[PDB]
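Let me begin by presenting the structure, written as structure tokens, before commenting on it.
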There are 2 protein chains.
Amino acid sequence: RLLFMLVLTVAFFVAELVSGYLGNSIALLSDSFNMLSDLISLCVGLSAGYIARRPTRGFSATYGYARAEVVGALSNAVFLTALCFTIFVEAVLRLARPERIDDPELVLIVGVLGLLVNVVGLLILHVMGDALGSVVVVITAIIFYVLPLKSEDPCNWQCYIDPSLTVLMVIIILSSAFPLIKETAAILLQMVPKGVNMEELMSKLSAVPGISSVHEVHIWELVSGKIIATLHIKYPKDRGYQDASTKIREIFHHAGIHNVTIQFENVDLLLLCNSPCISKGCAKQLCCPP
Amino acid sequence: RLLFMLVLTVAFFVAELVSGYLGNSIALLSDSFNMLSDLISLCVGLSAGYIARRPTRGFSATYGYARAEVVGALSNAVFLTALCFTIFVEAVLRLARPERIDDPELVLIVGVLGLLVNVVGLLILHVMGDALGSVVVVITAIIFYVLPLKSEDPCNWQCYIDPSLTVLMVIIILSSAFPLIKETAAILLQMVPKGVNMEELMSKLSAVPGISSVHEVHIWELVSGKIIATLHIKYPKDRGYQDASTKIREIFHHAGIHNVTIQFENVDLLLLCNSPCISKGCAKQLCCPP
Ligand SMILES: [Mn+2]
Ligand SMILES: [Mn+2]
């Protein structure tokens, strides 16, 4: 990996913020708010590179800090969505009251210098979609320079191109952030991973010879590949559960789940958990409550 | 509960946005961005009221959707932080280039009408801290009305009060959001709950008579009160684990943990998991890897 991007990305995010406010362009602010999310993603990816190759497994994080690439990706998409909200709000108010660009050259220079950065990125969807936002800035500046507007004249159609294309860029930016908030929140909501087929898996689980009942089947995803499947299983007292255990962990293996914890409880009052909390009053605090 | 707040809060968030942009006040935009987070929190709390009293426990969410009050609270604090970032950026640029208030009356009216809403809130820290942001708006409007500034004059000291107090309000707003991002991310990072004393708990766990080894001790928090504690425990083959199990689940009960799953594995090669994935190649995909 190479990390020599924060030096460039952070430096040009500030440049596009200053030039976006000094040059009076929402497209420049939009792109700078996109490069800020790009630097947040770079920091998250670098943090996820130091969490890996150096596990911790401490007394306060029993699973480690490997979930920081999902929390840091949902916190970056929500950050970007909130930034796009303000960009959209400032883009609708400039469609009502139009304003112009004071320095097209300062917008064009930093517009290209920042489009040339997303070409020293992937070459050597957000990264793919960050380069289109840097084309809008150079398009708007060109329209204001191959067709100038003297300070003394009123706003023409040109004052509308910048807010109109910035609204389109918010729709394009939020068309990739929206699939990311839904895909990452499902992980942090303790939902079953999308790849796992919980219908076939639970149909095969009940077909294991020697198994009498299966309850508390919790399957969730820590990170990609790491799927934890808690499971309680009742079994007749006169039969061992060794071959049953082997079958259950081989069924889960074929489903891509390798972190399987099975609690074997001995054996319609024979279908509840034999081992809830030590008191009946714990039923309020039990998950999958009885 | 009462839900007759979205009708008021959503209606006045739009009013404070329009009047904050039509009246040229960052404090009004700051408060409207705070009332937007307030309505997002109201929607999250109402969703968490319908997830409760009606559990689902489906085939795609084995723990239910009870984690939506933690994901929806981290997504609301990050949303608020990103909004405060834009508010702060527009507050530093107005400290450099000062602007004034076009309609102090429109700022004062909607300033009070929106301070009277946070008095029809708690009465019948963010809610406590939303009312201070509505005092800054009424303070700034008063200074511009008990001391007017004709359009023909340059900006005096009055043009600085609004950005200066909005910077202070961002610090106050982010002084309650920051403790919320750290407290909610620890839950979504699968970290040990703060209340649980993992030192005394793990010291008592190893002192249970009949237990030979304890590994894969995963304790995490779904929501407040619901703590799930996965655990693998080795034991001698000639001794049963019934009394040991009772002791272990009574030790966890005294620690506030009632969702305990124990995998009893039979018995320094006697201290590893007896039941990893069915193949040695799964060690890469195992959590707490061997
Ligand atoms: Mn760009
Ligand atoms: Mn308020």
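Chain identifiers are assigned alphabetically (A, B, ...) following the order of the sequence lines, protein sequences preceding nucleic acid strands; residue numbering begins at 1 within each chain. Side chains included, hydrogens not; waters and symmetry mates left out as well; all remaining heavy atoms used.
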- Highest number of heavy-atom pairs under 4.5 Å with chain A: which of B:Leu22, B:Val192, B:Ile278? B:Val192
- Note on the structure: When rounded to the nearest 0.5 Å, the distance separating OG1 of B:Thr62 from CE of A:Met191 is 9.0 Å
- Message: Please identify, among A:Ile187, A:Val70, A:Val89, A:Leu231, the residue contributing the most non-hydrogen atom pairs under 4.5 Å to chain B.
- Response: A:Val89
- Message: Would the distance check show the side chain of B:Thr261 and the main-chain N or O of A:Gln263 forming a donor-acceptor pair, the cut-off being under 3.5 Å?
- Response: no
- Counting only heavy atoms closer than 4.5 Å, note whether A:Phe85 contacts chain B via side chain, backbone, both or neither. side chain
- Message: Does any backbone or side-chain atom of B:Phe252 lie under 4.5 Å from a heavy atom of chain A? Answer side chain, backbone, both or neither.
- Response: neither
- When A:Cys277, A:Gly64, A:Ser279, A:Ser245 are compared by non-hydrogen pairs under 4.5 Å with chain B, the top option: A:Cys277
- Query: If you tally heavy-atom pairs under 4.5 Å against chain B, which of A:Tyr65, A:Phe264, A:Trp220 wins?
  - Reply: A:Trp220
- Query: Going from OG on B:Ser60 to CD1 on A:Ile219, what distance comes out if it is rounded to the nearest 0.5 angstrom?
  - Reply: 11.5 Å
- Do side-chain atoms of A:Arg67 reach the backbone of B:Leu188 as a donor and acceptor pair under 3.5 angstrom? yes
- A:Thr230 portion near chain B, given a 4.5 angstrom heavy-atom threshold: side chain
- Query: In terms of heavy-atom proximity below 4.5 Å to chain B, should A:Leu286 be classed as side chain, backbone, both, or neither?
  - Reply: both
- Query: Of the backbone (N, CA, C, O) and the side chain (C-beta and beyond), which part of A:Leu80 lies under 4.5 Å from a heavy atom of chain B, both, or neither?
  - Reply: neither
- Taking the side chain as C-beta and beyond, is there a heavy-atom pair between B:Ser275 and A:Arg249 under 4.5 Å? yes
- Item | Interface residue of largest heavy-atom contact number with chain A, from B:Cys287, B:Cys282, B:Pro289, under 4.5 Å | B:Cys287
- If you tally heavy-atom pairs under 4.5 Å between each of B:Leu29, B:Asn259, B:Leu189 and chain A, the highest tally belongs to B:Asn259
- In terms of heavy-atom proximity below 4.5 Å to chain B, should A:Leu74 be classed as side chain, backbone, both, or neither? side chain
- Look up atom SG in A:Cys288 and atom NZ in B:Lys226, then write down how far apart they are to the nearest 0.5 Å. 8.5 Å
- Taking every heavy-atom pair that is under 4.5 Å apart, which of B:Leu222, B:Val217, B:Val260 has the most such pairs with chain A? B:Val217
- Can you name the closest pair of heavy atoms from A:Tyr21 and B:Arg97 and give their distance? O-NH2, 4.0 Å
- Item | Check against side chain to side chain contact (heavy atoms under 4.5 Å, CB included), B:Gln285 and A:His253 | CA-CA 11 Å; B:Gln285 299 258 108; A:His253 171 57; over 6 Å; no
- Most contacts with chain B, counted as non-hydrogen pairs under 4.5 angstrom, among A:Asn266, A:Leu83, A:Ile262: A:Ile262
- Message: Heavy-atom cut-off 4.5 Å, strictly under: side chain, backbone, both or neither for A:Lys284 against chain B?
- Response: backbone
- Under 30°, 30 to 60°, or over 60°: which ring-plane class applies to A:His218 and B:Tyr63, parallel, tilted or perpendicular? parallel
